[PDB]
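What's in upload.cif: mmCIF, C-alpha atoms; chains and numbers go by the auth columns
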data_coords
#
loop_
_atom_site.group_PDB
_atom_site.id
_atom_site.type_symbol
_atom_site.label_atom_id
_atom_site.label_comp_id
_atom_site.label_asym_id
_atom_site.label_seq_id
_atom_site.Cartn_x
_atom_site.Cartn_y
_atom_site.Cartn_z
_atom_site.B_iso_or_equiv
_atom_site.auth_seq_id
_atom_site.auth_asym_id
ATOM 1 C CA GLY A 1 -76.577 -48.842 -94.023 0.00 1 A
ATOM 2 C CA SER A 2 -73.679 -48.606 -96.521 0.00 2 A
ATOM 3 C CA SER A 3 -70.113 -47.189 -96.915 0.00 3 A
ATOM 4 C CA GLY A 4 -69.458 -43.659 -98.254 0.00 4 A
ATOM 5 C CA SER A 5 -69.341 -40.150 -96.799 0.00 5 A
ATOM 6 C CA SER A 6 -70.777 -39.915 -93.215 0.00 6 A
ATOM 7 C CA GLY A 7 -68.017 -38.575 -90.896 0.00 7 A
ATOM 8 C CA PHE A 8 -68.917 -39.945 -87.436 0.00 8 A
ATOM 9 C CA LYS A 9 -69.021 -43.627 -88.470 0.00 9 A
ATOM 10 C CA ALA A 10 -65.338 -43.549 -89.560 0.00 10 A
ATOM 11 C CA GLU A 11 -64.104 -41.964 -86.299 0.00 11 A
ATOM 12 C CA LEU A 12 -66.246 -44.326 -84.231 0.00 12 A
ATOM 13 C CA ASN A 13 -65.025 -47.377 -86.233 0.00 13 A
ATOM 14 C CA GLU A 14 -61.390 -46.247 -85.711 0.00 14 A
ATOM 15 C CA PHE A 15 -62.176 -45.872 -81.966 0.00 15 A
ATOM 16 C CA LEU A 16 -63.956 -49.245 -81.521 0.00 16 A
ATOM 17 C CA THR A 17 -61.314 -51.127 -83.570 0.00 17 A
ATOM 18 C CA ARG A 18 -58.832 -50.377 -80.764 0.00 18 A
ATOM 19 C CA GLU A 19 -61.376 -50.902 -77.956 0.00 19 A
ATOM 20 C CA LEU A 20 -62.421 -54.371 -79.185 0.00 20 A
ATOM 21 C CA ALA A 21 -59.147 -55.429 -80.870 0.00 21 A
ATOM 22 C CA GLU A 22 -58.825 -58.881 -79.253 0.00 22 A
ATOM 23 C CA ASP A 23 -62.598 -59.122 -78.447 0.00 23 A
ATOM 24 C CA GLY A 24 -63.364 -59.897 -82.102 0.00 24 A
ATOM 25 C CA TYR A 25 -64.493 -56.597 -83.703 0.00 25 A
ATOM 26 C CA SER A 26 -65.317 -56.178 -87.442 0.00 26 A
ATOM 27 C CA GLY A 27 -67.230 -52.914 -87.861 0.00 27 A
ATOM 28 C CA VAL A 28 -70.290 -50.995 -86.699 0.00 28 A
ATOM 29 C CA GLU A 29 -73.635 -49.793 -88.068 0.00 29 A
ATOM 30 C CA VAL A 30 -75.338 -46.551 -87.083 0.00 30 A
ATOM 31 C CA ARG A 31 -78.846 -45.100 -87.363 0.00 31 A
ATOM 32 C CA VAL A 32 -80.043 -41.595 -86.514 0.00 32 A
ATOM 33 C CA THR A 33 -83.783 -41.325 -85.982 0.00 33 A
ATOM 34 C CA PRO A 34 -86.303 -38.644 -84.873 0.00 34 A
ATOM 35 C CA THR A 35 -85.854 -40.267 -81.399 0.00 35 A
ATOM 36 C CA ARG A 36 -82.112 -41.108 -80.847 0.00 36 A
ATOM 37 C CA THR A 37 -78.844 -42.174 -82.432 0.00 37 A
ATOM 38 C CA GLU A 38 -78.274 -45.968 -82.469 0.00 38 A
ATOM 39 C CA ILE A 39 -74.833 -47.665 -82.583 0.00 39 A
ATOM 40 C CA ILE A 40 -74.640 -51.394 -83.467 0.00 40 A
ATOM 41 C CA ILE A 41 -71.159 -53.022 -83.316 0.00 41 A
ATOM 42 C CA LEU A 42 -70.553 -56.142 -85.482 0.00 42 A
ATOM 43 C CA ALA A 43 -68.314 -58.660 -83.627 0.00 43 A
ATOM 44 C CA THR A 44 -67.552 -62.421 -83.576 0.00 44 A
ATOM 45 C CA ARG A 45 -68.420 -62.740 -79.813 0.00 45 A
ATOM 46 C CA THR A 46 -71.164 -60.312 -78.655 0.00 46 A
ATOM 47 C CA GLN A 47 -70.805 -61.502 -74.981 0.00 47 A
ATOM 48 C CA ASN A 48 -67.186 -60.202 -74.810 0.00 48 A
ATOM 49 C CA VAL A 49 -68.252 -56.849 -76.309 0.00 49 A
ATOM 50 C CA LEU A 50 -71.057 -56.665 -73.674 0.00 50 A
ATOM 51 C CA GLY A 51 -68.781 -57.835 -70.826 0.00 51 A
ATOM 52 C CA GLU A 52 -69.966 -59.316 -67.505 0.00 52 A
ATOM 53 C CA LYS A 53 -73.695 -58.428 -67.370 0.00 53 A
ATOM 54 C CA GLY A 54 -73.190 -55.497 -69.770 0.00 54 A
ATOM 55 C CA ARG A 55 -70.044 -54.022 -68.062 0.00 55 A
ATOM 56 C CA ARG A 56 -68.107 -53.141 -71.192 0.00 56 A
ATOM 57 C CA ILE A 57 -71.102 -51.821 -73.186 0.00 57 A
ATOM 58 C CA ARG A 58 -72.085 -49.520 -70.262 0.00 58 A
ATOM 59 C CA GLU A 59 -68.508 -48.173 -70.000 0.00 59 A
ATOM 60 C CA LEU A 60 -68.197 -47.898 -73.823 0.00 60 A
ATOM 61 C CA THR A 61 -71.469 -45.878 -73.762 0.00 61 A
ATOM 62 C CA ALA A 62 -69.947 -43.369 -71.249 0.00 62 A
ATOM 63 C CA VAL A 63 -66.606 -42.996 -73.092 0.00 63 A
ATOM 64 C CA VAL A 64 -68.489 -42.560 -76.453 0.00 64 A
ATOM 65 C CA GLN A 65 -70.828 -40.051 -74.730 0.00 65 A
ATOM 66 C CA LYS A 66 -67.711 -38.084 -73.631 0.00 66 A
ATOM 67 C CA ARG A 67 -65.711 -38.472 -76.892 0.00 67 A
ATOM 68 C CA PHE A 68 -68.552 -37.674 -79.322 0.00 68 A
ATOM 69 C CA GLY A 69 -70.673 -35.459 -76.977 0.00 69 A
ATOM 70 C CA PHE A 70 -73.893 -37.539 -77.126 0.00 70 A
ATOM 71 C CA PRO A 71 -76.996 -36.569 -75.088 0.00 71 A
ATOM 72 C CA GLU A 72 -77.973 -39.334 -72.647 0.00 72 A
ATOM 73 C CA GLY A 73 -81.080 -41.421 -73.483 0.00 73 A
ATOM 74 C CA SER A 74 -80.411 -40.189 -77.068 0.00 74 A
ATOM 75 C CA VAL A 75 -77.476 -42.506 -77.764 0.00 75 A
ATOM 76 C CA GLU A 76 -78.154 -46.261 -77.646 0.00 76 A
ATOM 77 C CA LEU A 77 -75.457 -48.938 -77.897 0.00 77 A
ATOM 78 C CA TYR A 78 -76.203 -52.437 -79.250 0.00 78 A
ATOM 79 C CA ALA A 79 -74.128 -55.452 -80.407 0.00 79 A
ATOM 80 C CA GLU A 80 -74.879 -57.602 -83.487 0.00 80 A
ATOM 81 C CA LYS A 81 -73.142 -60.883 -84.217 0.00 81 A
ATOM 82 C CA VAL A 82 -71.331 -61.660 -87.474 0.00 82 A
ATOM 83 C CA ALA A 83 -72.968 -64.222 -89.774 0.00 83 A
ATOM 84 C CA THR A 84 -72.625 -65.022 -93.488 0.00 84 A
ATOM 85 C CA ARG A 85 -75.227 -64.206 -96.110 0.00 85 A
ATOM 86 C CA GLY A 86 -76.408 -67.535 -97.598 0.00 86 A
ATOM 87 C CA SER A 87 -77.614 -70.844 -96.113 0.00 87 A
ATOM 88 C CA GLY A 88 -81.159 -71.763 -95.011 0.00 88 A
ATOM 89 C CA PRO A 89 -83.208 -71.542 -91.813 0.00 89 A
ATOM 90 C CA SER A 90 -83.415 -75.363 -91.654 0.00 90 A
ATOM 91 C CA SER A 91 -85.234 -76.249 -94.949 0.00 91 A
ATOM 92 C CA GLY A 92 -87.221 -78.802 -92.829 0.00 92 A
#

Could the structure of this file be written out as structure tokens, please?
Amino acid sequence: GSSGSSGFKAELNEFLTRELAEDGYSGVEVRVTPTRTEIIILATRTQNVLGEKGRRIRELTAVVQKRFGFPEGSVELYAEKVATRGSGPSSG
């Protein structure tokens, strides 16, 4: 995905920036498929954003569901970790 017009992603990024302020947020990616919407936060520490056995992600699903009006089973919430472009796998 890439920056530009898209509406939802800007509201959701504004939302999550507050939610995950100290947690280590950066941004989010989104997909919308013939099957569901997908929401993929980008943060320094994915475990904090998940919380204790997925606590925070489950709650953040419900609040997003309420705020944005998502149908259940048709929003999915994921967490990606931040990592630079560049470097190798191992090169040996």

Next on the checklist: Could you tell me, as a list in words, exactly which residues end up selected when the PyMOL selection byres ((chain A and resi 23) around 9) is applied to this structure?
Outcome noted: residues 19, 20, 21, 22, 24, 25, 43, 44, 45, 46, 48 and 49 of chain A

Selection above as a file: C-alpha atoms, as a PDB file, keeping the file's coordinate frame:
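Writing done, so here's out-v3.pdb:
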ATOM      1  CA  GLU A  19     -61.376 -50.902 -77.956  1.00  0.00           C
ATOM      2  CA  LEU A  20     -62.421 -54.371 -79.185  1.00  0.00           C
ATOM      3  CA  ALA A  21     -59.147 -55.429 -80.870  1.00  0.00           C
ATOM      4  CA  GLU A  22     -58.825 -58.881 -79.253  1.00  0.00           C
ATOM      5  CA  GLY A  24     -63.364 -59.897 -82.102  1.00  0.00           C
ATOM      6  CA  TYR A  25     -64.493 -56.597 -83.703  1.00  0.00           C
ATOM      7  CA  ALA A  43     -68.314 -58.660 -83.627  1.00  0.00           C
ATOM      8  CA  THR A  44     -67.552 -62.421 -83.576  1.00  0.00           C
ATOM      9  CA  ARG A  45     -68.420 -62.740 -79.813  1.00  0.00           C
ATOM     10  CA  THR A  46     -71.164 -60.312 -78.655  1.00  0.00           C
ATOM     11  CA  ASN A  48     -67.186 -60.202 -74.810  1.00  0.00           C
ATOM     12  CA  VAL A  49     -68.252 -56.849 -76.309  1.00  0.00           C
TER      13      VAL A  49
END

Next on the checklist: I'd like the residues picked by the PyMOL selection byres ((chain A and resi 42) around 7) written out as an NGL selection string, using the chain letters and numbers from the file.
Outcome noted: :A and (25-28 or 40-41 or 43 or 79-82)

Next on the checklist: Could you check the closest approach to residue A:16 for each of A:75, A:64, A:50, A:30 and tell me which residue wins, using only C-alpha atoms?
Outcome noted: A:64

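Proximity of A:90, A:37, A:2, A:77 to residue A:63, computed with only C-alpha atoms, is greatest for A:77.
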
Next on the checklist: Which residue is closest to residue A:71? Choose from A:91, A:35, A:17, A:3 and count only C-alpha atoms.
Outcome noted: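 Going through A:91, A:35, A:17, A:3 one by one, the smallest distance to residue A:71 is for A:35.
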
Item to check | Reference answer for the PyMOL selection byres ((chain A and resi 68) around 12), as a ChimeraX atom specification | outcome: /A:7-9,11-12,15,37,60-67,69-72,75

Checklist entry - In Å, how far is it from atom CA of residue A:31 to atom CA of residue A:88? => result 27.8 Å

Next on the checklist: Just to confirm, what's the straight-line distance from atom CA of residue A:32 to atom CA of residue A:47 in Å (one decimal)?
Outcome noted: 24.8 Å
